[PDB]
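Protein chains in written order, with the deposited numbering: chain A, 634 to 669, 711 to 740, 817 to 858, 876; chain B, 1752 to 1766, 1838 to 2282, 2293 to 2334, 2338 to 2422, 2479 to 2518, 2524 to 2627; chain C, 1557 to 1596. These notes are about the structure you will find just below.
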Amino acid sequence: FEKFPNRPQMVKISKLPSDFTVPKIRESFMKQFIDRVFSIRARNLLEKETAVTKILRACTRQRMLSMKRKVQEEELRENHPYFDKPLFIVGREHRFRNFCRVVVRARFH
Amino acid sequence: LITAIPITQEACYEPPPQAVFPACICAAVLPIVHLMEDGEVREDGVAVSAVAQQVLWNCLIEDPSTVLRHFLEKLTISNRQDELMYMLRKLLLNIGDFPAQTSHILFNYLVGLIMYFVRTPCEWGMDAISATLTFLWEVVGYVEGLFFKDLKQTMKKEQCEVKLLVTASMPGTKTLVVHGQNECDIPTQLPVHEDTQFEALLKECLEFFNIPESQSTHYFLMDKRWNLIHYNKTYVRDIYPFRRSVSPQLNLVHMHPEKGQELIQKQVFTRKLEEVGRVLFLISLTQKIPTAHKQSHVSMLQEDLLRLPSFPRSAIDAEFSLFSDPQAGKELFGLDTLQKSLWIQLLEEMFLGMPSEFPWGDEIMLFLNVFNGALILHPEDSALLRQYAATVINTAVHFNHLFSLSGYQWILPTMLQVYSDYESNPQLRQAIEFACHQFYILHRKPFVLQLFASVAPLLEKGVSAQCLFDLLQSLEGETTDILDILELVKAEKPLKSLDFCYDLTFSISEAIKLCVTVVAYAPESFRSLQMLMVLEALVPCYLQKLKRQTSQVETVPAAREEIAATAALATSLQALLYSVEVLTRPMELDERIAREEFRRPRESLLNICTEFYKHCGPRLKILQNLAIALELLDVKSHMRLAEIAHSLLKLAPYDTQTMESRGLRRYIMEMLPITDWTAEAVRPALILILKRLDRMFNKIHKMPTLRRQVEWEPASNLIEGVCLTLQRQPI
Amino acid sequence: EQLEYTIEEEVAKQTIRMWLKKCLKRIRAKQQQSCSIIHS
């Protein structure tokens, strides 16, 4: 795969007028993005303390809620268009692929 | 380095000899230390300074302990730390180096001194520890075989490791024993959790001892053994990390409030200086390690830092109450700014050590938030602002993978809040604009998208649309490095785009075209809601900017740009309307959530489209006269808006809030009258709106049950809009 | 080796713990007697 040239997938939306020039942005970034004159009052110590306390509470909430090969694999997956997609037609995110995976990997003093 | 050993003391063969060098001769060292700076030259050319330096260098290389004995032992019996540390600093800054053995002996002696002082309580103990820590970070500058694992293991074995490193975890005392003002009185034993202020303990002791409220301010808790007067808002576990069988013994002492406040100020100042010393010590320790082992050291540091229970609080929290004090507040603030700057430096140094593809989760915030904690505390200080900007730029450039996907959602909120909150300060705005321009250079469009996402929740105690427009306008051009923020960044000065894939300048119009696409991608999503809100807040500012540009210069070419921009915006909005077809579909706390989520995107679309048309339409005729009217919105877009309004009416009678919708009323009574209904193609949109209005009123009239709770003033405004449309065009 | 070293130190200080048991039982009189005097 490393020998072949790079050509990352890019965002494309078909149902737009032909005059719209779609902006150039990576598809993976978009997918992960969608998956998820008077200032006297501000400089008063009380509001500053309140903001710091808010930050501390956020950190406490985060606390309460709580290699190269894998990176290269992901880099190759993003790099090339046909990676991990068997036979170039099965589809890496197809329902039939999920069915095959679940049926094949089904396992059970 | 051959010159760094006692040559003649190493060649001799090794097959006892006792040295008699009384302590009264070692005192002669200090005069020689002073003489190192004496430039007088004898008639034969020998200088006093050269001879003194040679003699003391030879003495240090031969036997460090013998020369540095009369000082280390003497300090124990007297409180002369300042003088000895001054003398040692002069020694360092006059010899210009410390051979491995000399620095080794000095570091071990100083660490042992700290261990002894913590070990055996004494009147001047804490002051001595602070003074020693204030200088230890220089002694550590020249040490060869100091590794994190060995130091941690040995110092933990000593078990008094919480006074040297900051990445030290020690469960604190569970219970505390305190005596009252009198003698032999029944003491009290009280529990201790991990988040207990001394205020609660003081209140409980005060109430339990039957003390009048009038003299409440006259009683303070203090440790007689270590002679410590305690601050109200310091955690119990922090001051007594030792989890021994013996609980610390406190006393409730009475004294004048002023003297108590002064003593508290002094002690907190000394403790903060000690903490700064510890941070400096760690900085020096981690700034001299073979590059091969640096990655392992930084990974270990990150692990211990993450596993520490209350690190973000430790590094962010400050004793705000004492700053207001006029007598001593200024000094405490001036020392805290330095502490925060050193913390930022520590995190940035740690970040660079780690690899560029580290797998990060949400815990990244725990570190990044620290920067925010500093920036909020005092962003008007140039020394901290430039340092923070440089460190953030370094982190962004060093974390290509993370910051290109979801990495700016943690930093930009506080930066935008401060940017909006300090308009009066030109320096802060210019620095933040430079930082934002640098981020835009670094990451191109993804940075802009993440900026929009971060600012959407704060759009109006929030960032106004004008501030966002000003920031984008500043991004539109180049900004000079007024504080030379680029001095501290560690990368090539050209600062070319991080990704090879992306030489263009950010433009507002482009950004709008970029935004609409997001809504097209996932129209029925919260992020689409945020983008719609951003567009609603932004577009009117762009229109006002175009009007101001026209006002500034009357030449025709300005008009040509105005028509070009208007056409581009019209195309973008037409694409948005075409691609948001999904929203056409119609239809206790969960019910409220569904109600609001249904409401927001359609109202935002109506508001944006109606404002755009209302502002532009009239402007077209005047501008053309000043200079073939092009249809701003196609018939299909008009139908899309009409169907969307129909969907809103479908739910309008059931919910009062939908009936009172500002966007819906604006569309009905301020957008229908302006469009030219003369074309039969556009008429069905109006026919559809009329059909729904007729059906709605028939439904209202059918059963009085709905009539009981229905609000009619919105209906009155609705009928007013309908008859206004009828009046404007009789056809 | 670490385990046996720890055990050696622990047993030595356990003998010292017994020594403390004796000595503390001896010394637990003076302070309470002074307490009684203060009360009296």
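Each residue gets a CB set at the ideal place from its N, CA and C atoms; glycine is no exception.
Check	Outcome
Mapping DSSP to helix, strand and coil, what is B/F2042?	strand
What's the C-alpha gap between B/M2044 and B/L2024?	10 Å
Considering only C-alpha positions, which residue in the set B/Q2109, B/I2186, B/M2077 is nearest to B/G2175?	B/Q2109
Go to B/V1855, then tell me how far its alpha helix (DSSP H) extends in each direction, as first and last residue.	1851 to 1857
Do B/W2232 and B/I2186 have their beta-carbon atoms positioned less than 8 Å apart in this structure?	yes
Which one of B/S2036, B/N2191, B/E2202, B/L1998 has the shortest CA to CA distance from B/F2020?	B/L1998
Rounded to whole angstroms, what is the Cα-Cα separation between B/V2415 and B/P2392?	35 Å
Quick check: is the beta carbon of A/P638 nearer than 8 Å to any beta carbon in chain B?	no
For a test of the three-state rule: what should DSSP assign to B/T1976, helix, strand or coil?	helix
Closer than 7 Å, Cβ to Cβ, to anything on chain A: give me those residues from the segment 2224 to 2256 of chain B, in chain order.	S2226, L2227, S2228, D2243, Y2244, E2245, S2246
Going by beta carbon distance, what residues of the same chain come within less than 6 Å of B/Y1931, once the five residues before and after it are set aside?	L1894
Can you list, in chain order, the residues of its chain with a C-beta nearer than 8 Å to that of B/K2055? Leave out the 5 residues immediately preceding and following it.	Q2019, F2020, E2021, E2141, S2143
Out of B/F2189, B/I2111, B/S2246, B/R2536, point me to the one whose CA is closest to B/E2202's CA.	B/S2246
When you compare the CB of A/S713 with every CB in chain B, is at least one pair closer than 8 Å?	yes
Within the same chain, show all residues whose beta-carbon is closer than 8 Å to that of B/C1848, passing over the 5 residues directly before and after it, in chain order.	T1888, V1889, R1891, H1892, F1893
Tell me which residues of the segment 2132 to 2147 of chain B have at least one Cβ-Cβ distance to chain A shorter than 9 Å, keeping chain order.	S2132, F2133, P2134, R2135, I2138, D2139, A2140, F2142, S2143, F2145, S2146
Nearest CA to the CA of B/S2276: which residue from B/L2307, B/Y2230, B/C2299, B/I2317?	B/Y2230
Work out the CA separation of B/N2032 and B/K2088 for me, nearest whole Å.	30 Å
Which residues does DSSP list as the beta-bridge partners of B/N2073?	B/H2001, B/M2044
Is there a Cβ of chain A sitting closer than 8 Å to that of B/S2204, yes or no?	no
Is the separation between the beta-carbon of B/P2549 and that of B/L2620 shorter than 8 Å?	no
Are the beta-carbon atoms belonging to B/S1991 and B/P2134 less than 8 Å from one another?	no
Determine, using beta carbons only, whether B/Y2413 comes closer than 8 Å to chain A.	yes
Going along the chain, which residues of its own chain have a beta-carbon closer than 7 Å to the beta-carbon of A/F634, five neighbours each way excluded?	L826, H830, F833
Is the segment 2145 to 2154 of chain B touching the segment 2206 to 2221 of chain B in the sense that three or more CB pairs, one from each, lie closer than 8 Å?	no
Nearest to B/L2095 by alpha carbon, out of B/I1951, B/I2051, B/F2193, B/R2065?	B/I1951
In terms of residues, what are the limits of the beta strand (DSSP E) holding B/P2013?	2010 to 2013
For B/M2187, go through chain A and note every residue whose CB falls closer than 7 Å to its CB, in chain order.	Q736
Chain B beta carbons: is any one of them nearer than 8 Å to that of A/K648?	yes
May I ask you to report which of helix, strand or coil DSSP gives B/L1752?	coil
Per DSSP, B/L2050 forms a beta bridge with which residues?	B/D2045
Within 10 angstroms of its Cβ, does B/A2518 collect 16 or more other Cβ (buried), or is it exposed?	exposed
Pair every Cβ in the segment 848 to 855 of chain A with every Cβ in the segment 1861 to 1877 of chain B, then say whether three or more of these pairs are closer than 8 Å.	no
Cβ closer than 9 Å: which chain B residues qualify as neighbours of A/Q665?	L2227, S2228
With which residues is B/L2281 paired in a DSSP beta bridge?	B/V2295
Hey, could you find the ends of the alpha helix (DSSP H) B/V2388 is sitting in?	From DSSP, B/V2388 is part of no alpha helix (DSSP H); its letter is neither H nor E.
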